[PDB]
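Read the structure below first, then the notes.
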Amino acid sequence: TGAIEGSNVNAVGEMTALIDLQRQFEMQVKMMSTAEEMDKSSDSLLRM
Amino acid sequence: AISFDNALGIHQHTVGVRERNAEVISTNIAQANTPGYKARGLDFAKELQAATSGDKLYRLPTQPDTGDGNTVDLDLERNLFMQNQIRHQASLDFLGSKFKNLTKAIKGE
Numbered sequence: 201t202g203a204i205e206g207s208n209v210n211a212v213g214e215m216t217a218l219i220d221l222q223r224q225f226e227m228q229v230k231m232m233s234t235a236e237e238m239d240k241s242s243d244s245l246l247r248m
Numbered sequence: 002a003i004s005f006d007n008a009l010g011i012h013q014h015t016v017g018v019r020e021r022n023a024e025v026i027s028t029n030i031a032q033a034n035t036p037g038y039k040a041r042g043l044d045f046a047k048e049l050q051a052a053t054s055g077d078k079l080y081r082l083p084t085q086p087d088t089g090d091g092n093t094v095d096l097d098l099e100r101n102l103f104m105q106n107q108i109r110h111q112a113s114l115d116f117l118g119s120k121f122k123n124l125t126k127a128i129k130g131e
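Residue numbers (UniProt numbering), protein chains in the order written: chain A, 201 to 248; chain B, 2 to 55, 77 to 131.
Written as structure tokens, this is what we have:
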């Protein structure tokens, strides 16, 4: 009694999770870009 | 002898089958993005036999679908369409030369 319990959020734990989520997000975006790049190249097969 | 069948050979039935195959291949390409659509294959040997005198084949996917259910491998469809067009062009040349040779003999020109 006479005290209030705050939150247990570990600020560093969230920040290091953020930077890893950013890098993994960006790497998958590159996978999307190289997927359409391959698709565009494999379109001259029907380009007689 | 001296008949159009014995003269043209199987180059008249083959052309029809090659156009049939192109219709099937183009259908798979168009229906690539439709979920639940299963890729359709065509047996050339059976179709040629049926054409000479006169069932559904599905293509096994190389990899699982991403959830939609469509088993159309657009990388393979383009390759087969390119091959079908080349062999169809040869069949037209083969069949076209049958008529030219027949006309050449009946006129001596």
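Ideal Cβ placement from N, Cα and C applies to all residues, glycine included.
Which listed residue (the options) has its alpha carbon closest to that of residue i
i: residue 25 of chain B; options: B:34, B:40, B:35; result: B:40
i: residue 106 of chain B; options: B:13, B:12, B:20; result: B:20
i: residue 113 of chain B; options: B:82, B:9, B:130; result: B:9
i: residue 6 of chain B; options: B:85, B:120, B:128, B:125; result: B:120
Cβ neighbours of residue i in the same chain (closer than 7 Å, five flanking residues each side left out)
i: residue 99 of chain B; result: 26, 29, 30
i: residue 87 of chain B; result: 93
i: residue 82 of chain B; result: none
Distance CB(residue i)-CB(residue j) smaller than 8 Å
i: residue 23 of chain B; j: residue 103 of chain B; result: yes
i: residue 16 of chain B; j: residue 117 of chain B; result: yes
i: residue 42 of chain B; j: residue 79 of chain B; result: yes
i: residue 245 of chain A; j: residue 101 of chain B; result: yes
Beta-carbon proximity list for residue i, same chain, < 8 Å, skipping 5 on both sides
i: residue 53 of chain B; result: 11, 14
i: residue 49 of chain B; result: 11, 14, 15, 18
Residues near residue i by beta carbon distance below 6 Å, same chain, minus five either side
i: residue 225 of chain A; result: none
**Message:** Under 8 Å: do the stretch 29-38 of chain B and the stretch 89-97 of chain B share three or more Cβ pairs, one atom per stretch?
**Reply:** yes
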